[PDB]
Amino acid sequence: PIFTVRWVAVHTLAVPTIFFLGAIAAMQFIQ
Amino acid sequence: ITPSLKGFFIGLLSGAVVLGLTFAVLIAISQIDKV
Amino acid sequence: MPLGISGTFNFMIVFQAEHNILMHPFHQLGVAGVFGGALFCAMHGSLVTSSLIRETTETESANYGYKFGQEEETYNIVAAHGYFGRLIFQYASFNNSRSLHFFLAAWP
Amino acid sequence: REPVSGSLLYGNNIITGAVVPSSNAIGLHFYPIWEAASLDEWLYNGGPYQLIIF
Amino acid sequence: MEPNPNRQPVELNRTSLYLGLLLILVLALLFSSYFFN
Amino acid sequence: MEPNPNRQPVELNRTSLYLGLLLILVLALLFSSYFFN
Amino acid sequence: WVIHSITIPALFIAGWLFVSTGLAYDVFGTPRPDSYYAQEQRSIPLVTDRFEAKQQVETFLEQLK
Amino acid sequence: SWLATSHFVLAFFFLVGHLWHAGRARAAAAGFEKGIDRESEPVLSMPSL
Amino acid sequence: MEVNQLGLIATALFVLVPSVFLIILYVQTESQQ
Amino acid sequence: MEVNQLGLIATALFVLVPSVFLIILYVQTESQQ
Amino acid sequence: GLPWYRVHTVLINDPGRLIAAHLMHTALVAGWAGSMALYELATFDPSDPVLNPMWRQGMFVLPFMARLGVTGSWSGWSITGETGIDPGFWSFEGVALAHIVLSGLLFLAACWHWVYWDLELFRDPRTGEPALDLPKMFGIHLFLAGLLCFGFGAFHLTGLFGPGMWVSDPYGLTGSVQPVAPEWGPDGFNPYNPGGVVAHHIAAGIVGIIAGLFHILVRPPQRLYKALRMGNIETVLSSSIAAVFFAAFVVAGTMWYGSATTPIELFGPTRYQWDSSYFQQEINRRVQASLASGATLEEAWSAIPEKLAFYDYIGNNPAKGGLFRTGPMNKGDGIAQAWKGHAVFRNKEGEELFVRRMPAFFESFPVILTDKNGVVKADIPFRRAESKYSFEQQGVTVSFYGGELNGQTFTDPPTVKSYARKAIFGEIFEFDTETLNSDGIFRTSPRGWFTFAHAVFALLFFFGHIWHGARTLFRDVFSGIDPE
Amino acid sequence: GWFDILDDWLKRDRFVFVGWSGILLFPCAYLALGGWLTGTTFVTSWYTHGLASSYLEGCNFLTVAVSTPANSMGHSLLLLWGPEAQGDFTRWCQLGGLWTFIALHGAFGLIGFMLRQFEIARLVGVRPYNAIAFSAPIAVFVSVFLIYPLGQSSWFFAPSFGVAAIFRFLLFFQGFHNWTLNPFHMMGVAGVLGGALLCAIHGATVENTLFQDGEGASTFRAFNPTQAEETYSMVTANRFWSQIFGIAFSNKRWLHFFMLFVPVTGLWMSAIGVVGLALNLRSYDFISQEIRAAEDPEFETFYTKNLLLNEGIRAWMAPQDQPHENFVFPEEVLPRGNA
Amino acid sequence: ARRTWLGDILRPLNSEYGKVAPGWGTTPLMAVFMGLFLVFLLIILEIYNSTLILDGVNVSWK
Amino acid sequence: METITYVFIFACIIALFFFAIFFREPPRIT
C-alpha cells in the first residue's frame, strides 16, 4: 500500500527498464 | 458513423474517461491527506 | 582551411566526404561541449538574472541599480538555489558558486 | 588550370569571398616572398595564404 | 491645464550606443550580401 | 585634470528645426528631378 | 531488501522470453530475420496510399514466402 | 597511423599540462595562488585608466 | 522608365542626413534644463 | 556583375535609420542635467 | 530614467493617451492598405488576364479586394477581362482611396485624444486614479463585433443585400462572383465548400451576440478575477496575443493548404496541386474522353484551354523559389506569351516516352526519359559521360500537339534537349524575357509570401505571448526579487 | 475546501514538486521517453522507408530511431484507432504512427515543462527569466519538428528522433535546401558558439578571481554561502579584460542578462529560417554570380564549388532517401566529378 | 477633469469597477463550454486532415 | 558599387572598435 509520493516514481519508471534489459540481452544471442 | 467517425468517438470517450480517472485519483489522494 | 565564410563551408563538407567526421566520437563530444556550453550559458545566465535584489524603481531600468563596486551580493543564492533545487531534485543544485563557475568553464 | 577567384574585387559577396589557400603545385614547401620567382608568381600560387596563417 | 503628470526622460548610456551601432552594422554587413543578390 | 573650462551647449529651438526640415526637402524636391535625370 | 530478490528476477526473465519466444515479432510487426523478400523478387515492399495500408501491408506480408 | 594519432593527443595535453602547472608554479611562488586577498586587493589601489 | 540606377540613394542621404542633423541638435535643446 | 538594382538602398536605410535612432536617443542622454 | 525599449510603458495608465496610440497605429495601417493598393494597381496590367493572371503578376494586396467581390476600376478593365463594366463607385481606386480618406480622419482624430488625455470618463468616483472596466469594456466590443459578424455573414456574403463572395470551379477555369447560398450541415465544414463559410459567420454572429450580451450583464467571479489579474491592462495584452497568435497560424494553414476561401484564380495554386499531380490527372481525363469521344489526337489536345494547362508548370507553384529572390513571378521567366503544346517523345520507333517531372525539392533535376514500364530508355549525360541511353544516340522524335505549333517534328541533339531540359518543368511556354528583363530563375508566388510573413510573425507572438504572460502574473514581483 | 485541499496538496513540499503543470507534464513526458525507447527497440521502420533501422534486428545504438510515416501516408495524425489503424495496434506501429505519438505527447510534455518553469516562480518569488529563456528550444522544437513537416508533402520529412537519424536529416538540408548559407542560420551559429564561448569565459574569469576565504590550496570547500559579499572581485576582472581584449563588463546584472540573451536570440533567429525553409524559400543561388557563371565556365568561387557538392548529394542520396518517389537514376546521369 | 458630451454619456456605463461576483460566481458553466469547445475544435481538426470522414463530406476539392 | 559598400560597412566597424576601446567612460568604483 503506497500512496503517491516517491514509490510511484521509480516503480512506474525503473520497472520497464528491467523489462527492456530482457530485450537487449536476449537479442544479443540471436542470429 | 464511419469507421473514422466511430473511432474518433471512441478516442474522445477514452480520453475523457482517463482525464476523468486521473482527476478523480488526484482529488481523492488530495482529500485523503489533511495537514 | 580556405579562410572565408564560403571557404569554410566548402572545407567541412569535403572534409566530411573523406573522413566521415560526424560518426567520429571526438566530434560527437565536441557537440556536447558546445551545446552544454551554450546551454549552461543560458541557465547560469538566467537563474542569476532571475534573482536580483531590487535597488531600482519599476520605471527605471533594472540594470542601472547595480553600482560598479557593490560589495553587496547582487543576486540571492538562497532564492535561486531552491529554485533550481525545486525544479529538479534538491541534491544537484551546486550550492557553491566557486564550484559551479569552474564546472561552467570546464564543460565547454 | 582552374584559377579560383576568392577575392572581393571580383564579383564576390562577403559570403563567397575568401583567401584561397596555397596550391598543390607548391605543396607544403615554405614559400615566402623572396623564394618565389616573381611577385605575381608569388600571388598566383597562393602565397598570401601561407603568409597570413603563419 | 495639467500636462500629464506621468512622463519620464528616455536614457541610453554611452555603452548601449555602441552595441546597437555594432549590431546594426553587423546585421547589415551580414544582410547586405543578400540585398544585392 | 581640467576638462576645458570653455564649453557651451548647442541650442536649436523648435522653429529652426522646421526651416531646415522645410529647406532640405524643398532643395531635394527641387534637385531630386535632376539626380534621376 | 525484501521482495527485490523476487520482482527483478521474475520480471527480467519475461523480457528475456519475448525475444526468445519471438512474441515481440507479431506484436510489433517487425520482420523476421529471414522475412523480407518473399520468393526472390528483390524490391521494397513499400506501403503506398491511405485508407489502404491496413489492407496493403497485408499484401506484402501475405506472400512471406 | 595509430602511434602518430595516439602520441599526438597525449602530446597535446602535455602542452596544456605545461601551461597548467607553469601557472600554478609561479603563482605559488608569487604567493597569491591561494586566491586573491580580500584584505588588500592588488587591483584595488592602482591608477584607474 | 530608365533612370540613373544609383540616383535614388542620392535623395535618401540628401534628405535624411541634413534632416537628422537638425533633429539631433533639436532633441538636445529639448533636453536643456 | 549583375545585381538587384534597388538592393543598395536596403542597406543604407537598414544601416542609417536604426543607427540614427540610437544616436538621437544618446545625444539626448548626453544633454541630461 | 527609462530604457529605450520600455519607452511606451508611459501609457501604462493614461487611458486617454492610449486611445491616441491605437488610433495613430490604426490610421497608419489603413494608409498602408490604401497606398499599397494604388502602387500595386499602378503597375498592374489588365491586358492579358487569360494567360497571365494577377497572382503571377506579383500583385499582393489586389487579389484580396477581388476576393470579396470588388472588380474592375475606372480604367475600364474587369478582373476577368471582358471589360463590360458597371463598376459603381466601388473599385480598386475606390476601395483604395476610401482607406486613405479613412487613414486621414483617424489620424486627425488621433491628435485630438492625444491633446486631451484627461477626461472625466476615465476616473471612477471611489478612486481619483484612472481606471476602466476590463470585464465590462470587453462585453461591448464583443457584442459589437458579433453584431458586425452576423451582419457580414447575413447581408454581405449571402448577397441578400450586397455583392456575393468569390466562388470558383475546382479547376480554377471559371472566374466567378456570386451570392453564396449558406449551407450549414455536415458538409458545411468542408472548407472547400464556401457554403459553410457564410453560415459560419451567421452562426458566429449569434454566438457572438449572446456572449457579448452576457459579459455586459454580469461581472466575473471573485476567485477567478483574482487569479488572472484582471484590471491590469497587460492581462488583456497577454491573452489578446494568444488569440491573434492562434489565428495567425490558421490563415497560414488555409493559405498554404488550399481553401475555398482563397481561390486558385486569385492566388496561385497551392503546393499540393503540383505534387498530387492534380491537374495532369484532370487534364488528361478530358483529353482521354475527347479521344474517347474521338478526333485527331491533335484535335483533342487542340481544344484544351491554355489557362488550365498554364496552372501546370513547375515555376508556377509557390514551393519553388528563393527567399531573397524578389519581385513578381514574371521577373523569373518573363511574361507568358503563348502555350506551345504537349511534347510527346517517341523512341524514334514511335513508342511514347514520358519525362520524369520535377519534384519540388531539386533546383536542378536530372532530365530523364522513361516509358510506361518506368525503365529508362533514354537519358541525358551530365557533361562528359560515356553514351548509353543518350537520346542523340538512341533517337528521339518530339512532336508538339495542341497549342501554338502542331505536328512539327524536331530530331537533333541541340533542339530536342532544349525542350527536354524545359520539358521536366511541365508543359512548355513561350516567354518574353527582356521586356521585364527576366533572368530565367524562379520566384515564389503571393501564396508563398503571404504565408511566410504570418508564420514568422506568428512564431514571434508566441514568444510575445509568453513574455507579457509572465508579466501579468508577476507584475507584483517583476520589479525585482525581495531580500530572501 | 474541495478544490482548495487539492491545491495545497499539489503545491506541498515533497521529493520532487508536482505542480498543476505536473498533471500535464509527467504523463505527457513519461510517455514520450517511454514511447521512444520502445519504438527504438522493437518497432521497425521497414514498410515505411523500406530500410530497417531499429534495435531488434542487427542495428547498433547510434543508427536506431523511430522513422516517420511515409509520404503517400500524408499529413494524417495517425491516431491509435484512426481510420487507418482502425484500432489495430501492430499496423499502427509499422506505419510509424509511433512517431507522431512521440512528437505530440512530446510537445505537450515539452509545454508542461515550461508551465512548471512558471508555476515554480509565483510560489517562490523569482522572476521568470528561466521559462522565457526556455522558449528558445520550444521555438526550435516546434519549428523543426512541426512547422517544417507541414510545409512538405507529408510527415515523412522530419527528424526521426535518433542519433544517426538526425544526421540523415542534416545532410538532407545541405543537399537540397543549401542550409549553411542561409543567413538566418548564421545568426544561430553565432548564438550557440557565442553562448559556448561566453559560457567558458565567464566560468573561467570568476574562477580565476577568488577572495581566498579558505586555507587549503583547493578552493571549493573554501566557500561559505552565508550572506557573503561577492565571492569574486569585479574590480579585478574589469580592469583585467579591459587591458587585454579591451572591453569588459562592469555590471553583474548586465553580464548575466547578456548570457541569457545570446543563446536565446541565437535560436529564434534560427527558428525563423527553418520556418522560411518549410516553404522552400531556401537561401540559394546569388543571382549575381550565377549569371556571371553563365558568362564563362572558368570563373570559380568557393560558392560555385558548393553547388556541385549540393548537386551530388541530391542525386546520390535521392533514391535511397526517397524510395516512395520511385527514382531510378541511370549511371552516367549522376553528376560525377571528372566531368 | 474635462467632462464632455460623450464623457458625460458613457461614464455611467463603466462606473462599476470594483464590484465582482462573490465567490465562484458562475465558474462551472464556463468550464462546461470550454471543454465542449475543445472537443468541438478537435472535431474540426479530425475532419480537415481526413482523419474523420463524415458521410458526404469530401476533403477533395468540391 | 557592390564592393565599395562592403568596405564602407566594414570600415565603420573598425572605426567603432578603435573608438569604443579608448573612448569608453571609465566605470569608477563607488
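Chains: A, B, C, D, E, F, G, H, I, J, K, L, M and N, in written order; residue numbering restarts at 1 for each.
Basically, contacts are C-beta pairs under 8 Å (C-beta built on N, C-alpha and C of every residue); 3 or more make two chains touch, one makes a residue touch a chain.
Enquirer: More contacting C-beta pairs: E-K or C-N?
Expert: Result of the comparison of C-N and E-K: E-K.
Enquirer: Give me the ID of the chain with the smallest distance between its Cα centroid and the all-protein Cα centroid.
Expert: Given all protein C-alpha atoms shown, the central chain works out to be L.
Enquirer: If you average the CA atoms of chain D and of chain E, how many Å lie between those two points?
Expert: Here chain D and chain E have centroids separated by 40 Å.
Enquirer: Averaging over Cα atoms per chain, report the distance between chain B and chain L in Å.
Expert: The separation of the two C-alpha centroids amounts to 33 Å.
Enquirer: Averaging over Cα atoms per chain, report the distance between chain B and chain M in Å.
Expert: Each chain reduced to its C-alpha mean, chain B and chain M end up 24 Å apart.
Enquirer: How many Å are there between the centre of chain F and the centre of chain I, using C-alpha atoms for each centre?
Expert: 9
Enquirer: Which chain N residues touch at least two other chains?
Expert: Expected reply: 1-2, 5-6, 9, 20, 24, 27-29.
Enquirer: Where in chain E do residues touch at least two different other chains?
Expert: Where chain E meets two or more other chains at a single residue, that happens at 8-12, 14, 16, 21, 25, 28-37.
Enquirer: Two-or-more-chain contact residues of chain I, please, as numbers and ranges.
Expert: Answer for chain I, listing residues that touch two or more other chains: 6, 8, 23, 28, 31-32.
Enquirer: For chain C, which residues are in contact with chain D within the complex?
Expert: 1-8
Enquirer: In the complex of these two chains, what residues of chain L are touching chain G?
Expert: 42-44, 46-48, 50, 52, 54, 56-57, 70, 72-74, 76, 83-86, 88-91, 93-95, 323-324
Enquirer: Please output the residues of chain I touching chain F within their complex, sorted ascending.
Expert: Touch list, chain I to chain F: 3-4, 7-8, 10-11, 14-15, 18-19, 22-23, 25-26, 28-29, 32.
Enquirer: Considering the complex alone, what residue numbers of chain D touch chain E?
Expert: 13-15
Enquirer: List the residues on chain K that touch chain E in their complex, please.
Expert: So the residues of chain K in touch with chain E come to 1-4, 7, 10, 13-14, 17, 117-118, 323-326.
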